Each structure stands twice: as C-alpha cells, then as structure tokens.
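Printed here is model_39.pdb (PDB, C-alpha atoms (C1' of nucleotides)):
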```pdb
ATOM      1  CA  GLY S   1      25.652   8.275   0.038
ATOM      2  CA  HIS S   2      21.881   8.460  -0.249
ATOM      3  CA  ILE S   3      18.719   6.538  -1.128
ATOM      4  CA  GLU S   4      16.026   7.757  -3.521
ATOM      5  CA  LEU S   5      12.761   6.549  -1.999
ATOM      6  CA  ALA S   6      10.601   6.975  -5.147
ATOM      7  CA  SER S   7       7.702   7.549  -2.713
ATOM      8  CA  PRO S   8       7.425  10.166   0.051
ATOM      9  CA  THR S   9       7.629   8.902   3.620
ATOM     10  CA  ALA S  10       7.233  10.571   6.993
ATOM     11  CA  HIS S  11       9.839  11.182   9.677
ATOM     12  CA  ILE S  12       8.986   9.201  12.811
ATOM     13  CA  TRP S  13      11.209  11.650  14.712
ATOM     14  CA  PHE S  14       8.689  14.486  14.363
ATOM     15  CA  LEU S  15       5.463  12.571  13.718
ATOM     16  CA  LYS S  16       5.651  10.377  16.830
ATOM     17  CA  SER S  17       6.698  12.347  19.893
ATOM     18  CA  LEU S  18       4.485  13.714  22.642
ATOM     19  CA  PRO S  19       4.624  17.344  21.413
ATOM     20  CA  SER S  20       4.154  16.268  17.794
ATOM     21  CA  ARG S  21       5.624  19.055  15.679
ATOM     22  CA  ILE S  22       3.810  18.201  12.445
ATOM     23  CA  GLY S  23       0.610  17.349  14.310
ATOM     24  CA  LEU S  24       0.272  20.732  15.989
ATOM     25  CA  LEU S  25       1.626  22.511  12.909
ATOM     26  CA  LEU S  26      -1.380  21.037  11.091
ATOM     27  CA  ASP S  27      -3.658  21.934  14.045
ATOM     28  CA  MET S  28      -5.176  18.468  13.925
ATOM     29  CA  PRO S  29      -5.008  15.511  16.333
ATOM     30  CA  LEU S  30      -2.256  12.917  16.081
ATOM     31  CA  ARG S  31      -4.716  10.079  15.462
ATOM     32  CA  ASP S  32      -6.015  11.590  12.222
ATOM     33  CA  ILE S  33      -2.527  12.033  10.759
ATOM     34  CA  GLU S  34      -1.518   8.574  11.980
ATOM     35  CA  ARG S  35      -4.579   7.040  10.316
ATOM     36  CA  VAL S  36      -4.117   8.927   7.042
ATOM     37  CA  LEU S  37      -0.387   8.159   6.945
ATOM     38  CA  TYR S  38      -1.085   4.401   7.056
ATOM     39  CA  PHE S  39      -3.924   4.455   4.504
ATOM     40  CA  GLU S  40      -6.840   3.940   6.874
ATOM     41  CA  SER S  41      -8.588   7.118   5.696
ATOM     42  CA  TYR S  42      -8.189   9.771   3.018
ATOM     43  CA  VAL S  43      -7.727  13.516   3.362
ATOM     44  CA  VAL S  44      -9.098  16.095   0.941
ATOM     45  CA  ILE S  45      -7.602  19.433  -0.110
ATOM     46  CA  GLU S  46      -9.394  22.530  -1.447
ATOM     47  CA  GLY S  47     -12.793  21.503  -2.871
ATOM     48  CA  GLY S  48     -14.351  24.892  -2.187
ATOM     49  CA  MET S  49     -17.266  24.320  -4.558
TER
ATOM     50  CA  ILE G   1      14.218 -33.227  19.628
ATOM     51  CA  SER G   2      18.012 -33.198  19.756
ATOM     52  CA  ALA G   3      18.199 -29.476  19.002
ATOM     53  CA  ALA G   4      15.731 -28.576  21.749
ATOM     54  CA  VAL G   5      17.356 -30.758  24.401
ATOM     55  CA  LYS G   6      20.876 -29.600  23.513
ATOM     56  CA  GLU G   7      19.810 -25.947  23.431
ATOM     57  CA  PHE G   8      18.351 -26.308  26.911
ATOM     58  CA  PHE G   9      21.226 -28.262  28.419
ATOM     59  CA  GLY G  10      24.008 -26.127  26.958
ATOM     60  CA  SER G  11      22.716 -22.581  26.448
ATOM     61  CA  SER G  12      20.084 -21.780  29.057
ATOM     62  CA  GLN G  13      19.461 -19.340  31.868
ATOM     63  CA  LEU G  14      19.779 -21.983  34.619
ATOM     64  CA  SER G  15      22.524 -24.289  33.306
ATOM     65  CA  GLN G  16      25.821 -22.631  34.188
ATOM     66  CA  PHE G  17      29.481 -23.530  34.632
ATOM     67  CA  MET G  18      29.932 -25.307  37.927
ATOM     68  CA  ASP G  19      32.446 -23.660  40.226
ATOM     69  CA  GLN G  20      35.369 -25.921  41.057
ATOM     70  CA  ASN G  21      37.276 -24.160  43.847
ATOM     71  CA  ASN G  22      37.256 -26.702  46.703
ATOM     72  CA  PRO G  23      34.594 -29.381  47.041
ATOM     73  CA  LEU G  24      32.582 -26.903  49.121
ATOM     74  CA  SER G  25      31.862 -24.556  46.233
ATOM     75  CA  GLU G  26      30.908 -27.530  44.060
ATOM     76  CA  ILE G  27      28.498 -28.881  46.672
ATOM     77  CA  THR G  28      27.043 -25.416  47.227
ATOM     78  CA  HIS G  29      26.462 -24.733  43.533
ATOM     79  CA  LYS G  30      24.765 -28.107  43.142
ATOM     80  CA  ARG G  31      22.122 -27.365  45.806
ATOM     81  CA  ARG G  32      21.204 -23.822  44.803
ATOM     82  CA  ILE G  33      17.794 -22.139  44.572
ATOM     83  CA  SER G  34      17.487 -19.446  41.901
ATOM     84  CA  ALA G  35      14.505 -17.111  41.721
ATOM     85  CA  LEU G  36      15.491 -16.075  38.183
ATOM     86  CA  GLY G  37      15.065 -18.189  35.069
ATOM     87  CA  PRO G  38      12.764 -18.600  32.077
ATOM     88  CA  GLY G  39       9.534 -18.930  34.037
ATOM     89  CA  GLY G  40      10.918 -16.866  36.902
ATOM     90  CA  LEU G  41      11.513 -13.165  37.458
ATOM     91  CA  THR G  42      14.191 -10.739  36.288
ATOM     92  CA  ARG G  43      16.641  -8.877  38.506
ATOM     93  CA  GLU G  44      15.262  -5.396  37.839
ATOM     94  CA  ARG G  45      11.641  -6.554  38.179
ATOM     95  CA  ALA G  46      12.103  -7.734  41.795
ATOM     96  CA  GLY G  47      11.211  -5.428  44.667
ATOM     97  CA  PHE G  48      12.190  -5.253  48.315
ATOM     98  CA  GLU G  49       9.680  -7.869  49.463
ATOM     99  CA  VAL G  50      10.743 -10.735  47.186
TER
ATOM    100  CA  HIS P   1       8.798 -20.001  40.929
ATOM    101  CA  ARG P   2       5.114 -19.357  41.644
ATOM    102  CA  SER P   3       3.094 -22.544  41.921
ATOM    103  CA  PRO P   4       0.191 -22.575  39.441
ATOM    104  CA  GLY P   5      -3.117 -21.855  41.105
ATOM    105  CA  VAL P   6      -5.231 -19.013  42.455
ATOM    106  CA  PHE P   7      -3.729 -15.999  44.212
ATOM    107  CA  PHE P   8      -5.538 -13.044  45.772
ATOM    108  CA  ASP P   9      -3.705  -9.750  46.204
ATOM    109  CA  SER P  10      -4.442  -6.363  47.733
ATOM    110  CA  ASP P  11      -1.867  -4.053  46.025
ATOM    111  CA  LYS P  12      -1.459  -2.454  49.497
ATOM    112  CA  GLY P  13      -4.465  -0.225  48.774
ATOM    113  CA  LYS P  14      -2.507   2.743  47.364
ATOM    114  CA  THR P  15      -3.396   2.960  43.670
ATOM    115  CA  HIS P  16      -6.038   5.680  43.302
ATOM    116  CA  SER P  17      -4.764   7.724  46.294
ATOM    117  CA  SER P  18      -8.328   7.581  47.666
ATOM    118  CA  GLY P  19      -7.460   4.991  50.318
ATOM    119  CA  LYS P  20      -9.724   2.381  48.705
ATOM    120  CA  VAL P  21      -8.153  -1.076  48.795
ATOM    121  CA  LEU P  22      -8.420  -2.986  45.510
ATOM    122  CA  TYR P  23      -8.415  -6.789  45.656
ATOM    123  CA  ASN P  24      -7.447  -8.723  42.535
ATOM    124  CA  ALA P  25      -7.582 -12.462  41.949
ATOM    125  CA  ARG P  26      -5.276 -14.186  39.487
ATOM    126  CA  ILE P  27      -5.355 -17.693  38.015
ATOM    127  CA  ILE P  28      -1.903 -18.837  36.858
ATOM    128  CA  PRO P  29      -1.745 -22.058  34.807
ATOM    129  CA  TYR P  30       1.285 -24.276  34.516
ATOM    130  CA  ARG P  31       1.127 -23.674  30.754
ATOM    131  CA  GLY P  32      -1.298 -21.218  29.195
ATOM    132  CA  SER P  33      -2.648 -17.731  29.827
ATOM    133  CA  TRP P  34      -3.571 -16.247  33.191
ATOM    134  CA  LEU P  35      -6.884 -14.742  34.273
ATOM    135  CA  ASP P  36      -7.224 -11.565  36.322
ATOM    136  CA  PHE P  37     -10.248 -10.230  38.174
ATOM    137  CA  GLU P  38      -9.853  -6.645  39.367
ATOM    138  CA  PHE P  39     -11.942  -4.010  41.123
ATOM    139  CA  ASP P  40     -12.570  -0.507  39.797
ATOM    140  CA  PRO P  41     -12.751   2.123  42.571
ATOM    141  CA  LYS P  42     -16.257   2.915  41.308
ATOM    142  CA  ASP P  43     -17.027  -0.680  42.436
ATOM    143  CA  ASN P  44     -17.144  -2.425  39.067
ATOM    144  CA  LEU P  45     -15.872  -5.934  38.359
ATOM    145  CA  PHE P  46     -13.299  -6.205  35.579
ATOM    146  CA  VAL P  47     -11.697  -9.180  33.842
ATOM    147  CA  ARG P  48      -8.275  -9.242  32.187
ATOM    148  CA  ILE P  49      -7.290 -12.031  29.788
ATOM    149  CA  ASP P  50      -3.610 -12.331  28.821
TER
ATOM    150  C1'  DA E   1     -36.059  27.425  32.690
ATOM    151  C1'  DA E   2     -33.418  25.192  28.974
ATOM    152  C1'  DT E   3     -28.675  25.878  27.085
ATOM    153  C1'  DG E   4     -23.298  26.415  25.962
ATOM    154  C1'  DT E   5     -18.775  26.885  27.999
ATOM    155  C1'  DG E   6     -14.737  26.235  30.864
ATOM    156  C1'  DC E   7     -12.577  23.416  34.545
ATOM    157  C1'  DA E   8     -11.186  18.989  36.595
ATOM    158  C1'  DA E   9     -10.651  13.657  37.103
ATOM    159  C1'  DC E  10      -9.196   9.343  35.014
ATOM    160  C1'  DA E  11      -6.578   6.527  31.476
ATOM    161  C1'  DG E  12      -2.592   5.835  28.397
ATOM    162  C1'  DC E  13       2.005   6.709  27.054
ATOM    163  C1'  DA E  14       7.027   8.382  27.301
ATOM    164  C1'  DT E  15      11.421   8.067  30.465
ATOM    165  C1'  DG E  16      14.968   6.572  33.530
ATOM    166  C1'  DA E  17      16.390   3.674  37.409
ATOM    167  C1'  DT E  18      25.660   4.096  40.047
ATOM    168  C1'  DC E  19      30.692   3.523  38.776
ATOM    169  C1'  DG E  20      35.041   0.614  37.583
ATOM    170  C1'  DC E  21      36.907  -4.393  37.122
ATOM    171  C1'  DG E  22      37.699  -9.705  36.193
ATOM    172  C1'  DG E  23      36.243 -14.825  33.547
ATOM    173  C1'  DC E  24      33.231 -18.387  30.150
ATOM    174  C1'  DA E  25      30.498 -20.372  26.340
ATOM    175  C1'  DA E  26      27.205 -19.879  22.527
ATOM    176  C1'  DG E  27      25.400 -17.399  19.248
ATOM    177  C1'  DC E  28      27.656 -13.888  15.982
ATOM    178  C1'  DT E  29      24.949 -17.053  13.160
ATOM    179  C1'  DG E  30      22.094 -16.074   7.092
ATOM    180  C1'  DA E  31      21.342 -16.959   1.632
ATOM    181  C1'  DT E  32      16.173 -13.394  -3.375
ATOM    182  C1'  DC E  33      15.457 -16.964  -7.122
ATOM    183  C1'  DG E  34      16.820 -18.446 -12.235
ATOM    184  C1'  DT E  35      17.017 -16.437 -17.236
ATOM    185  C1'  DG E  36      19.440 -17.908 -21.933
ATOM    186  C1'  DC E  37      21.632 -14.660 -25.019
ATOM    187  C1'  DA E  38      24.594 -11.747 -26.930
ATOM    188  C1'  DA E  39      28.694  -9.893 -25.701
ATOM    189  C1'  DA E  40      32.692 -10.168 -24.050
ATOM    190  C1'  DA E  41      36.375 -12.292 -21.973
ATOM    191  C1'  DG E  42      39.065 -15.984 -21.024
ATOM    192  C1'  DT E  43      41.059 -20.552 -21.912
ATOM    193  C1'  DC E  44      42.943 -24.693 -24.265
ATOM    194  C1'  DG E  45      45.054 -27.594 -27.974
ATOM    195  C1'  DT E  46      47.829 -26.510 -31.380
ATOM    196  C1'  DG E  47      51.862 -24.717 -34.015
ATOM    197  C1'  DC E  48      55.821 -21.062 -34.099
ATOM    198  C1'  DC E  49      61.127 -19.366 -33.577
ATOM    199  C1'  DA E  50      65.416 -18.920 -30.623
ATOM    200  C1'  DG E  51      68.970 -20.956 -27.357
ATOM    201  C1'  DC E  52      72.161 -25.074 -26.121
TER
ATOM    202  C1'   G H   1      23.488 -14.246  28.957
ATOM    203  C1'   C H   2      25.644 -15.914  33.487
ATOM    204  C1'   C H   3      29.048 -15.611  37.840
ATOM    205  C1'   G H   4      32.040 -12.785  41.021
ATOM    206  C1'   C H   5      35.137  -8.496  42.868
ATOM    207  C1'   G H   6      35.157  -2.946  45.761
TER
ATOM    208  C1'  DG W   1      70.438 -31.890 -34.108
ATOM    209  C1'  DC W   2      67.912 -31.294 -29.504
ATOM    210  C1'  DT W   3      65.091 -28.426 -26.578
ATOM    211  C1'  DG W   4      61.804 -24.571 -24.288
ATOM    212  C1'  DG W   5      59.147 -20.524 -24.011
ATOM    213  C1'  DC W   6      55.633 -17.303 -27.365
ATOM    214  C1'  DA W   7      50.753 -16.549 -30.566
ATOM    215  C1'  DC W   8      46.302 -18.404 -33.244
ATOM    216  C1'  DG W   9      41.700 -20.784 -34.201
ATOM    217  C1'  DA W  10      38.333 -23.030 -32.084
ATOM    218  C1'  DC W  11      35.889 -24.085 -27.355
ATOM    219  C1'  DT W  12      34.389 -22.625 -22.708
ATOM    220  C1'  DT W  13      33.166 -19.514 -19.002
ATOM    221  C1'  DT W  14      31.223 -15.178 -17.149
ATOM    222  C1'  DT W  15      28.255 -11.363 -16.957
ATOM    223  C1'  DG W  16      24.702  -7.494 -17.653
ATOM    224  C1'  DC W  17      20.179  -8.019 -17.999
ATOM    225  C1'  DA W  18      16.265  -6.477 -15.565
ATOM    226  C1'  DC W  19      12.048  -9.613 -15.346
ATOM    227  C1'  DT W  20       8.683 -11.656 -12.605
ATOM    228  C1'  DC W  21       6.147 -15.102  -9.269
ATOM    229  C1'  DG W  22       6.657 -16.115  -5.056
ATOM    230  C1'  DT W  23       4.873 -16.045  22.638
ATOM    231  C1'  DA W  24       4.595 -12.974  26.553
ATOM    232  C1'  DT W  25       4.071 -11.009  31.196
ATOM    233  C1'  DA W  26       4.792  -9.641  37.675
ATOM    234  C1'  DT W  27      10.097  -3.077  38.900
ATOM    235  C1'  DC W  28       7.668   1.424  40.756
ATOM    236  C1'  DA W  29       7.907   6.836  40.361
ATOM    237  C1'  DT W  30       6.875  10.770  37.678
ATOM    238  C1'  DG W  31       5.172  13.953  34.132
ATOM    239  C1'  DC W  32       2.478  14.972  30.211
ATOM    240  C1'  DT W  33      -1.492  14.694  27.085
ATOM    241  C1'  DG W  34      -6.267  13.508  25.655
ATOM    242  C1'  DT W  35     -11.395  12.284  26.597
ATOM    243  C1'  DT W  36     -15.366  12.749  29.310
ATOM    244  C1'  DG W  37     -18.072  14.391  33.227
ATOM    245  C1'  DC W  38     -19.899  18.362  35.796
ATOM    246  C1'  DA W  39     -20.673  23.280  37.824
ATOM    247  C1'  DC W  40     -21.684  28.104  36.382
ATOM    248  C1'  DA W  41     -23.443  32.125  33.563
ATOM    249  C1'  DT W  42     -26.810  33.136  29.696
ATOM    250  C1'  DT W  43     -31.307  34.333  26.520
TER
END
```

Represent the structure of the file as structure tokens.
Amino acid sequence: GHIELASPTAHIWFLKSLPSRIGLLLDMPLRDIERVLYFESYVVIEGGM
Amino acid sequence: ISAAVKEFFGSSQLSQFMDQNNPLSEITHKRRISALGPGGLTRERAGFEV
Amino acid sequence: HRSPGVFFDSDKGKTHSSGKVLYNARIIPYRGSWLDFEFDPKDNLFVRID
DNA sequence: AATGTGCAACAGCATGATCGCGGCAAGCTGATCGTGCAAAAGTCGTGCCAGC
RNA sequence: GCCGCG
DNA sequence: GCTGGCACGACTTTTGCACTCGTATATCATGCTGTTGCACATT
C-alpha cells in the first residue's frame, strides 16, 4: 500500500544527519535548508534579470 | 484526589511488592533506603562515587 | 535524595584539559527550578536557569 | 604599512555503554463530530397453499 | 516499571 | 376440518455523502562539524 501526500515533503533520513546528503549536494549550509523547509524564509530560483 | 493517591500508592517507583520469605525478609524490606525514585537518580546515571 | 539547599562543586578540575579547576554553585529547591553559577576558563561568571 | 587568507580553539550534536534466566501488577489503555436525504436494504404485520 | 538469579 | 411454513404492501433501519467548525534534569567518553579568533604573506 501507499499514501499520496498531495504536498511534497522531505526525507528526514537524508536532510538531518551529520553528513547531510541533500545539504552538501546543494552546497549550502544545513541551517538555510532547515529554515526554508519549515517556512521561516523563502528561496528564489533563476531571476537573472 | 482519589486518582492521584491511588496512582501513587499502587503504581509508583517506590511502592513495591513486599517480600514474604521469612519474617527477616519482610523486616528488611520495610526498613530499606533506595537512592532511586521519582526525585532520585537512575541506575545508569550513577557513577562510582555515589 | 539530595536535601534542598546550596551545593558547591569542583568537577575535579578536568573539563578544559588546561588544569584549571571550575567551581560551580547550585541552588536546589524542594519544588521549583534550580540555579547554577559556573565559571568560564576565561574567568567569566555564568548563570544557568533550568 | 594596511590588507586578505588559511589554520586552530571552543561549542554543540550524534552514538553507545554484556549475556542468558526467573516472577508481579498496572497500564495496554482511546473515541473526529453530526448531516438529513435519497437510495437502498431490510423488516414486520399480514395473507397464501400444502400436510396431517 | 520493579525485584532477584549466574 | 385442523394446522404450519412461504410471499406482499407498507414501515423502519442503514449508509454514502463529503462538508465544515472546531514538566524536566545530575552517566561519562569519543568523534565530528561549524563559527570565530589570530598569525603570515601581499600591494
């Protein structure tokens, strides 16, 4: 069986461990991703102009 | 009131079945000092000195 | 259990591996929250609530 | 002579801290409403024929 | 959760 | 003639339905990572 989440969610397995896989894949500190993942701050994409 | 007093008297850290082998084990269990308990310390959290 | 009051401790002086002995005072109430006063090896007072 | 870079010290957090066995109580405690309507399903009081 | 056994 | 299990027209019960408001600590021992402070080479 399975559950459709209707909203993307993060895997605590990879987000929260001392060598954070997603954190160093993004080349950005864990605190920024933790803050953006809990709606404390936004993150922008593209916006070259 | 009744729930709190019964919960303490029946199901608590320091209210245990009294041993009944001989009168000696009874009398020993009655006058016992336990360092554990609610406001006390846990087994794994005690060092050599205690 | 520990009688409520004031207790000074020395942590045996092996915390920062510099040989500097750190003294900490602690106020334990019968019911409430404790107070800690601790020393930073740079010789700075510090207070710890709860 | 003022300046940018790489190295090191201090704080916070994750991890694990023996193996079997026996016995006794108490928690183990655990619920999302109604909604009001068709739509369906089921049920009940009643009448039916077939066996003795 | 507690107590004990080697 | 006497009796004892089968169907029918009202009544009665269930069910999707998906729709909103609504009290505590005190084990050390170790390793790893991140932030900040400081010595050294540079124009």

Mind telling me what the PyMOL selection byres ((chain W and resi 38) around 10) catches here, as a short mmCIF file (atom, residue, chain, number, x, y, z; two decimals) with C-alpha atoms (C1' of nucleotides), in the frame of the given file?
```cif
data_model
loop_
_atom_site.label_atom_id
_atom_site.label_comp_id
_atom_site.auth_asym_id
_atom_site.auth_seq_id
_atom_site.Cartn_x
_atom_site.Cartn_y
_atom_site.Cartn_z
"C1'" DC E 7 -12.58 23.42 34.54
"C1'" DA E 8 -11.19 18.99 36.60
"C1'" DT W 36 -15.37 12.75 29.31
"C1'" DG W 37 -18.07 14.39 33.23
"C1'" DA W 39 -20.67 23.28 37.82
"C1'" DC W 40 -21.68 28.10 36.38
#
```

Could the centre and edge lengths of an axis-aligned box, enclosing all atoms of region 5-9 of chain W in the file with 3 Å extra on each side, be given in Å to one decimal as JSON?
```
{"center_x": 50.4, "center_y": -18.7, "center_z": -29.1, "size_x": 23.4, "size_y": 10.2, "size_z": 16.2}
```

Expansion of the PyMOL selection byres ((chain H and resi 4) around 12) into residues, as a list in words | residues 19 of chain G; 21, 22 and 23 of chain E; 2, 3, 5 and 6 of chain H

Write down, as a PyMOL selection string, each residue of chain E that has any atom within 12 Å of an atom of chain S, counting only C-alpha atoms (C1' of nucleotides).
-> chain E and resi 13-15

Enter the distance from CA of residue 15 (chain P) to CA of residue 41 (chain P), in Å, rounded to one decimal.
->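 These atoms are spaced 9.5 Å apart.
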
Can you list what the PyMOL selection byres ((chain G) within 6 of (chain W)) grabs from this structure, as a list in words?
->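 Selected by the PyMOL selection byres ((chain G) within 6 of (chain W)) here: residues 44, 45 and 46 of chain G.
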
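Coordinates place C1' of residue 33 (chain W) at a distance of 22.7 Å from CA of residue 40 (chain P).
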
Which chain G residues are at most 10 Å from chain H (counting all atoms listed in the file), as a VMD selection string?
-> chain G and resid 11 to 19

Grab the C1' of residue 4 (chain E) to CA of residue 26 (chain S) distance for me, in Å with one decimal place.
->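 According to the coordinates, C1' of residue 4 (chain E) and CA of residue 26 (chain S) are separated by 27.0 Å.
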
Do me a favour and pick out the residues of chain P within 12 Å of chain W, using only C-alpha atoms (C1' of nucleotides), as a ChimeraX atom specification.
-> /P:1-2,15,26,28,31-35,49-50

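Residue nearest chain G within the list P:30, P:46, P:8, P:39: P:30 [criterion: smallest interatomic distance, all atoms listed in the file].
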
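Residue nearest chain W, chosen from S:3, S:47, S:10, S:20 and counting all atoms listed in the file: S:20.
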
Wanna dump the chain E-chain G contacts at 9 Å for me, each residue with its shortest atom pair and the distance in Å to one decimal, counting only C-alpha atoms (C1' of nucleotides), ordered by chain and number, as a Markdown table?
```
| residue | atom | partner | partner_atom | distance |
| --- | --- | --- | --- | --- |
| E:24 | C1' | G:17 | CA | 7.8 |
| E:25 | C1' | G:11 | CA | 8.1 |
| E:26 | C1' | G:11 | CA | 6.5 |
```
